[PDB]
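# Breakdown of the fold
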Amino acid sequence: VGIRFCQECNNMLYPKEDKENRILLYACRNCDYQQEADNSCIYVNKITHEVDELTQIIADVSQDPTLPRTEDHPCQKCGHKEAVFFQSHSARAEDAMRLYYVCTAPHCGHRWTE
Amino acid sequence: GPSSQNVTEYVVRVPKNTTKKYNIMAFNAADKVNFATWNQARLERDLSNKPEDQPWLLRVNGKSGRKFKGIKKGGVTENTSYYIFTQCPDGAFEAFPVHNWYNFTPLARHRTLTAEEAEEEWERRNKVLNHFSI
Amino acid sequence: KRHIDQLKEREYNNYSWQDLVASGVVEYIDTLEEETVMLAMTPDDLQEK
Amino acid sequence: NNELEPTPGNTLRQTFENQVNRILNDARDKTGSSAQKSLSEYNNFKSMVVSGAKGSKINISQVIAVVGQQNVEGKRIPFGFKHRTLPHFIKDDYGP
Ligand SMILES: [Zn+2]
Ligand SMILES: [Zn+2]
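So, how was this worked out
Residues numbered from 1 in each chain as written, not as in the entry; some residues may be left out. Chains lettered and ligands numbered in written order. Part of a larger assembly, values for the part shown. Heavy atoms only, no water. Contact = heavy atoms within 4.5 Å. Buried area = accessible area lost by both parts, 1.4 Å probe. Nonpolar A, V, L, I, M, F, W, Y, C, P; charged D, E, K, R; others polar. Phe/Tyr/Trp six-rings, centres within 6.5 Å; stacked < 30°, edge-to-face > 60°. Buried < 20%, exposed > 50% of the residue type's maximum accessible area, 1.4 Å probe, protein only. Helix = DSSP H or I, 4+ residues; strand = E, 2+ residues; numbered from the N terminus. Donors = N, O, S within 2.8 Å, 3.2 Å for Na, K, Ca; no water. Tetrahedral: all angles 85-135°; square planar, octahedral: opposite > 155°, others 65-115°. Salt bridge = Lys/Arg side-chain N within 4 Å of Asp/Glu carboxyl O. Pairing = 2+ DSSP bridges.

Moving on: the interface of chain D and chain A. Frequently, the measure chosen for interface size is the accessible area removed from exposure when the parts meet. Listed per partner, the contact involves 11 residues of chain D and 13 residues of chain A. Across the chain D to chain A interface the summed buried area is about 1,000 Å²; carbon plus sulfur atoms make up 59%. Looking only at chain D, the three residues that lose the most surface to chain A are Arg13, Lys91 and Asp92 of chain D, adding up to 44% of its buried area. Taken together, the residues of the side of chain D that touches chain A break down into 4 nonpolar, 3 polar and 4 charged.

See the structure below:
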């Protein structure tokens, strides 16, 4: 799923097929450096696009003076009783009125939806 | 250790003259070049530009050896001069001015794709994908 | 309040707008910078806990 | 809390905001009816509205009861700032 760079000329390693041992070989076009593939899959295309933005929001958003705050929902990892919540603010806005939270305690940065 | 409790004081001089101009030769750490493997080197100004401005051409080991191209930095003394500080047998320090900064990079002596030929190849390949469709 | 009772005296005190900016109580705010700010419209009504 | 269910052919925002708009319209209609409910026979607005000379029955309610709900481009006031309408609100405020 990732990418492979050549170890000699630092370029993009293409996948190739050899008719001897039935194993995927990654080859270079400039040089002909070789090696075998460990996962033996090339292409993947996610159309659902249901990526949870809990992996994209940053912990320093709790320094924003223009975001609402809450005393109801406390943090689990530290027990702080003050959070700051917001919406998806991104694409995939068909049914996007969820409410992600971020703890505001210094050096906690814990994030969670509900 | 002496790096922790080490103490000393040495004199510094800045001679108004030198027998040779001093330059910096910089290498990417990521290459981790073994200088011991350099049995010999040749060093000449680059010929693409056909002097003091010329980029350097470094050829390691005389005949059979490595090759790098050195490209001059934009500035070296535009705001602050750079000095080479060297230790002398008397313990005193000697400072040497840096004349220039050259950037040295590794070279790929493999593969030669050709212009007009490459473009012609691309169109045929592009054409081939369009042909025999549905 | 120390800034007001000495600002109503500019006629014979030589204390004016310039001595007010240089003391860090007001500040010019551009339009771009105005997107990273949180404004209150009125002190006595929006800054109460 | 994700307890809304979209209707056929309606996004959640649609379904969301059009339900909010329907509630706002019902409230405005009730306020207008209340404003109309209280006039006298000697009133001079009712005297120009009834005879049809000048005016309409909504100007009475706008003068007496409620101006109502504004909207540009046929939809609610947009977010001209980023996630706000003015620097006097907190972000993503959807109230009336
Ligand atoms: Zn390669
Ligand atoms: Zn926390």
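The rest of the description comes next.
All names here are of chain B. Going through the model one piece at a time under the given rule, you end up with 13 aromatic pairs over all chains. Judged by centre distance (6.3 Å) and plane angle (55°), the ring pair of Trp38 and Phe68 falls under tilted. Its relative accessible area of 22% is what places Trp38 among the partly exposed residues. Residue classification places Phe68 among the buried positions, given a relative accessible area of 6%. With a centroid separation of 5.9 Å and 80° between ring planes, the pair formed by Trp56 and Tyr102 is classed as edge-to-face. A residue pair is termed long-range when its members are at least 10 positions apart, and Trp56 in strand β4 (residues 56–60) and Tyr102 in strand β8 (residues 100–106) qualify at 46 residues. Comparing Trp56 with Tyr102 shows no difference in burial state: the two are buried. Through pairs of rings, three or more aromatic residues link up here, namely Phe27, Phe35, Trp38, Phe68 and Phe104.

Time to look at the coordination of the zinc ion (ligand 2). All names here are of chain A. Those protein atoms acting as donors to the zinc ion (ligand 2) are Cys75 (SG), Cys78 (SG), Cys103 (SG) and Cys108 (SG), and they sit at 2.3 to 2.4 Å. Angles of 104 to 121° at the metal separate the 4 donor atoms of the zinc ion (ligand 2), which places the site in the tetrahedral class. The sequence motif formed by the donor residues of the zinc ion (ligand 2) is C-x2-C-x24-C-x4-C. Using a relative accessible area of 1% as the deciding quantity, one classes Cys103 as buried.

The next thing to look at is the pattern of salt bridges. If you walk through the whole model with that rule in mind, you get 11 salt bridges over all chains. Put simply, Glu94 of chain B and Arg13 of chain B hold a salt bridge, and the shortest N to O gap is 3.6 Å. Here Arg13 of chain B falls in the partly exposed class, since its relative accessible area comes to 33%. Of the charged contacts in the structure, one is a salt bridge between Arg59 of chain B and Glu44 of chain B, with a shortest N-O distance of 2.5 Å. A single salt-bridge network, built from bridges that share partners, covers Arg92, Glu94 and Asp95 of chain A.

Before going further, it helps to spend a moment on the coordination of the zinc ion (ligand 1). Residues and elements named next belong to chain A. Bound to the zinc ion (ligand 1) are the protein donor atoms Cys6 (SG), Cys9 (SG), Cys28 (SG) and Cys31 (SG), situated 2.4 Å from the metal. For the zinc ion (ligand 1), the 4 donor atoms in the first shell make angles of 87 to 156° at the metal, a pattern classed as irregular. Its relative accessible area of 14% is what places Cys9 among the buried residues.

A word on the environment of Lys50 of chain B. In this fold, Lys50 of chain B is placed in the loop between β3 (41–45) and β4. Taking the C-alpha atoms as reference points, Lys50 of chain B and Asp31 of chain B, separated by 19 residues in sequence, lie 30 Å from one another.

Let us look at the arrangement of the chains. Ranking the 4 pairs of chains in contact by contact count places chains A and D at the top. For chain B and chain D, which are not in contact, the least C-alpha distance works out to 36 Å.

Another aspect to go through is the sheet that holds strand β6 (residues 83–87) of chain B. Either a parallel or an antiparallel arrangement is found when strands of a sheet pair, and the pairing is made through backbone hydrogen bonds. All names here are of chain B. A sheet is described by the order of its strands in space; here 3 strands give the open sequence β1-β7-β6, paired in mixed fashion. The open sheet has two edge strands, β1 (12–13) and β6, and neither has a second partner. Pairing of β1 with strand β7 (residues 93–97), which is carried by 2 bridges, proceeds in the parallel orientation. Counted as the bridge partner of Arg13 is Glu94 from β7.

The next point concerns the pairing of strand β5 (residues 67–72) of chain B. Residues and elements named next belong to chain B. Pairing of β4 with β5 involves 4 bridges; the strand directions are antiparallel. Residue pairing across strands places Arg59 opposite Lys67, the latter belonging to β5. Counting the residues that bridge the hairpin from β4 to β5 gives 6 residues, and of these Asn61 lies at a positive phi of roughly 55°. Sheet topology note: the β5/β8 ladder contains 5 bridges and is antiparallel. Bridging across to β8, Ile71 finds its partner in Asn103.

Attention now goes to unusual backbone geometry. Residues and elements named next belong to chain A. Notably, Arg22 is not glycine yet its phi reads approximately 60°, a positive angle. Position of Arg22 among the secondary structure elements: in the loop between β1 (14–17) and β2 (24–27). The class of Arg22 is exposed, set by a relative accessible area of 57%. Phi at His89 is positive, roughly 50°, even though this residue is not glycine.

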